Amino acid sequence: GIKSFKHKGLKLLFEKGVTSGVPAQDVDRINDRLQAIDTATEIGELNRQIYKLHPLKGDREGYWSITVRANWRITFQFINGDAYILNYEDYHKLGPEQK
Ligand SMILES: [Cl-]
Ligand SMILES: [Cl-]
Ligand SMILES: [Cl-]
Ligand SMILES: [Cl-]
């Protein structure tokens with residue numbers, strides 16, 4: 001299950017259905033991916049091809065990334081069947097050394 005959030009917009013959406021902190025047109029896709037992360041019992045279950053699951057590097061080693069749309073990612077730690085530090089971020093703001 002998802003156990004913590006860094007990004008308040010994702011947290012509001014997941015915990016309360018409040019949509020104001022994510023793009024309106026991405027609400028459904030983000031909800032679908034949050035539910036997938038929440039259901040996953042191992043990082044393999046999130047390995048649907050359309051998600052382009054990627055481990056990050058450097059100070060982001062220990063984080064995983066999946067694609068929402070274009071350059072937008074949901075990132076998280078995944079361990080012992082749970083996900084932590086859920087964030088919504090722009091891939092292009094990661095440095096080359098981080099991905
Ligand atoms: Cl939290
Ligand atoms: Cl917010
Ligand atoms: Cl909150
Ligand atoms: Cl795993």
# chains A, B, ... in the order shown; residues from 1 in each chain; ligands from 1
$ residues_near_ligand --ligand "ligand 4" --cutoff "10 Å" --atoms "only C-alpha atoms and all ligand atoms" --output "list in words"
residues 40, 41, 42, 43, 44, 45, 46, 78, 79, 80, 81 and 82 of chain A
$ residues_near_ligand --ligand "ligand 2" --cutoff "12 Å" --atoms "only C-alpha atoms and all ligand atoms" --output "PDB file with N, CA, C and O atoms, in the first residue's frame"
ATOM      1  N   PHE A   5       3.420  10.408   1.415  1.00  0.00           N
ATOM      2  CA  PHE A   5       3.542  11.318   0.294  1.00  0.00           C
ATOM      3  C   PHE A   5       4.506  12.456   0.578  1.00  0.00           C
ATOM      4  O   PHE A   5       4.462  13.044   1.671  1.00  0.00           O
ATOM      5  N   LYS A   6       5.302  12.816  -0.428  1.00  0.00           N
ATOM      6  CA  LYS A   6       6.021  14.067  -0.422  1.00  0.00           C
ATOM      7  C   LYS A   6       5.149  15.166  -1.043  1.00  0.00           C
ATOM      8  O   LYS A   6       5.125  16.298  -0.577  1.00  0.00           O
ATOM      9  N   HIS A   7       4.418  14.835  -2.114  1.00  0.00           N
ATOM     10  CA  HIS A   7       3.680  15.811  -2.917  1.00  0.00           C
ATOM     11  C   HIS A   7       2.275  15.955  -2.341  1.00  0.00           C
ATOM     12  O   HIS A   7       1.503  14.977  -2.272  1.00  0.00           O
ATOM     13  N   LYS A   8       1.902  17.178  -1.945  1.00  0.00           N
ATOM     14  CA  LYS A   8       0.614  17.396  -1.279  1.00  0.00           C
ATOM     15  C   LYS A   8      -0.547  17.182  -2.238  1.00  0.00           C
ATOM     16  O   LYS A   8      -1.613  16.745  -1.817  1.00  0.00           O
ATOM     17  N   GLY A   9      -0.365  17.533  -3.514  1.00  0.00           N
ATOM     18  CA  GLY A   9      -1.435  17.365  -4.495  1.00  0.00           C
ATOM     19  C   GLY A   9      -1.780  15.887  -4.662  1.00  0.00           C
ATOM     20  O   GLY A   9      -2.950  15.504  -4.679  1.00  0.00           O
ATOM     21  N   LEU A  10      -0.768  15.028  -4.801  1.00  0.00           N
ATOM     22  CA  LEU A  10      -1.042  13.600  -4.862  1.00  0.00           C
ATOM     23  C   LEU A  10      -1.710  13.126  -3.584  1.00  0.00           C
ATOM     24  O   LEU A  10      -2.605  12.277  -3.631  1.00  0.00           O
ATOM     25  N   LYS A  11      -1.226  13.618  -2.438  1.00  0.00           N
ATOM     26  CA  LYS A  11      -1.794  13.175  -1.148  1.00  0.00           C
ATOM     27  C   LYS A  11      -3.284  13.511  -1.047  1.00  0.00           C
ATOM     28  O   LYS A  11      -4.087  12.657  -0.690  1.00  0.00           O
ATOM     29  N   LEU A  12      -3.636  14.746  -1.388  1.00  0.00           N
ATOM     30  CA  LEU A  12      -5.036  15.184  -1.389  1.00  0.00           C
ATOM     31  C   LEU A  12      -5.882  14.348  -2.312  1.00  0.00           C
ATOM     32  O   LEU A  12      -7.048  13.991  -1.969  1.00  0.00           O
ATOM     33  N   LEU A  13      -5.355  14.047  -3.504  1.00  0.00           N
ATOM     34  CA  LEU A  13      -6.109  13.270  -4.472  1.00  0.00           C
ATOM     35  C   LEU A  13      -6.340  11.872  -3.930  1.00  0.00           C
ATOM     36  O   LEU A  13      -7.467  11.366  -3.895  1.00  0.00           O
ATOM     37  N   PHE A  14      -5.264  11.215  -3.469  1.00  0.00           N
ATOM     38  CA  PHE A  14      -5.385   9.852  -2.982  1.00  0.00           C
ATOM     39  C   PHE A  14      -6.236   9.724  -1.705  1.00  0.00           C
ATOM     40  O   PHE A  14      -7.051   8.787  -1.576  1.00  0.00           O
ATOM     41  N   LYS A  16      -8.356  12.054  -0.192  1.00  0.00           N
ATOM     42  CA  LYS A  16      -9.645  12.749  -0.056  1.00  0.00           C
ATOM     43  C   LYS A  16     -10.383  12.907  -1.367  1.00  0.00           C
ATOM     44  O   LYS A  16     -11.549  13.361  -1.358  1.00  0.00           O
ATOM     45  N   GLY A  17      -9.781  12.540  -2.492  1.00  0.00           N
ATOM     46  CA  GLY A  17     -10.388  12.777  -3.797  1.00  0.00           C
ATOM     47  C   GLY A  17     -10.352  14.227  -4.265  1.00  0.00           C
ATOM     48  O   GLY A  17     -11.087  14.610  -5.222  1.00  0.00           O
ATOM     49  N   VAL A  18      -9.602  15.059  -3.544  1.00  0.00           N
ATOM     50  CA  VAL A  18      -9.480  16.479  -3.841  1.00  0.00           C
ATOM     51  C   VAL A  18      -8.502  16.641  -5.004  1.00  0.00           C
ATOM     52  O   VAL A  18      -7.378  16.124  -4.980  1.00  0.00           O
ATOM     53  N   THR A  19      -8.930  17.310  -6.062  1.00  0.00           N
ATOM     54  CA  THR A  19      -8.228  17.298  -7.321  1.00  0.00           C
ATOM     55  C   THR A  19      -7.415  18.555  -7.606  1.00  0.00           C
ATOM     56  O   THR A  19      -6.734  18.636  -8.621  1.00  0.00           O
ATOM     57  N   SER A  20      -7.456  19.542  -6.708  1.00  0.00           N
ATOM     58  CA  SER A  20      -6.888  20.830  -7.073  1.00  0.00           C
ATOM     59  C   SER A  20      -5.383  20.872  -7.189  1.00  0.00           C
ATOM     60  O   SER A  20      -4.857  21.782  -7.780  1.00  0.00           O
ATOM     61  N   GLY A  21      -4.683  19.858  -6.678  1.00  0.00           N
ATOM     62  CA  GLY A  21      -3.233  19.863  -6.703  1.00  0.00           C
ATOM     63  C   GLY A  21      -2.586  19.089  -7.827  1.00  0.00           C
ATOM     64  O   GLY A  21      -1.363  18.909  -7.801  1.00  0.00           O
ATOM     65  N   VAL A  22      -3.363  18.616  -8.792  1.00  0.00           N
ATOM     66  CA  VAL A  22      -2.829  17.946  -9.984  1.00  0.00           C
ATOM     67  C   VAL A  22      -3.555  18.508 -11.189  1.00  0.00           C
ATOM     68  O   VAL A  22      -4.644  19.075 -11.027  1.00  0.00           O
ATOM     69  N   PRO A  23      -3.009  18.345 -12.401  1.00  0.00           N
ATOM     70  CA  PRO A  23      -3.757  18.843 -13.580  1.00  0.00           C
ATOM     71  C   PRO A  23      -5.111  18.148 -13.752  1.00  0.00           C
ATOM     72  O   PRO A  23      -5.165  16.912 -13.675  1.00  0.00           O
ATOM     73  N   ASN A  87       5.813  11.226  -5.005  1.00  0.00           N
ATOM     74  CA  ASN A  87       6.004  12.581  -5.534  1.00  0.00           C
ATOM     75  C   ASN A  87       5.555  12.636  -6.979  1.00  0.00           C
ATOM     76  O   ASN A  87       5.513  11.623  -7.670  1.00  0.00           O
ATOM     77  N   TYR A  88       5.229  13.843  -7.434  1.00  0.00           N
ATOM     78  CA  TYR A  88       4.832  14.095  -8.801  1.00  0.00           C
ATOM     79  C   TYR A  88       5.863  15.082  -9.325  1.00  0.00           C
ATOM     80  O   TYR A  88       6.014  16.156  -8.754  1.00  0.00           O
TER      81      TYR A  88
END
$ residues_around --residues "residue 63 (chain A)" --least-positions-apart "4" --cutoff "12 Å" --atoms "only C-alpha atoms" --output "PyMOL selection string"
chain A and resi 43+53-59+73-79+83-87+98-99
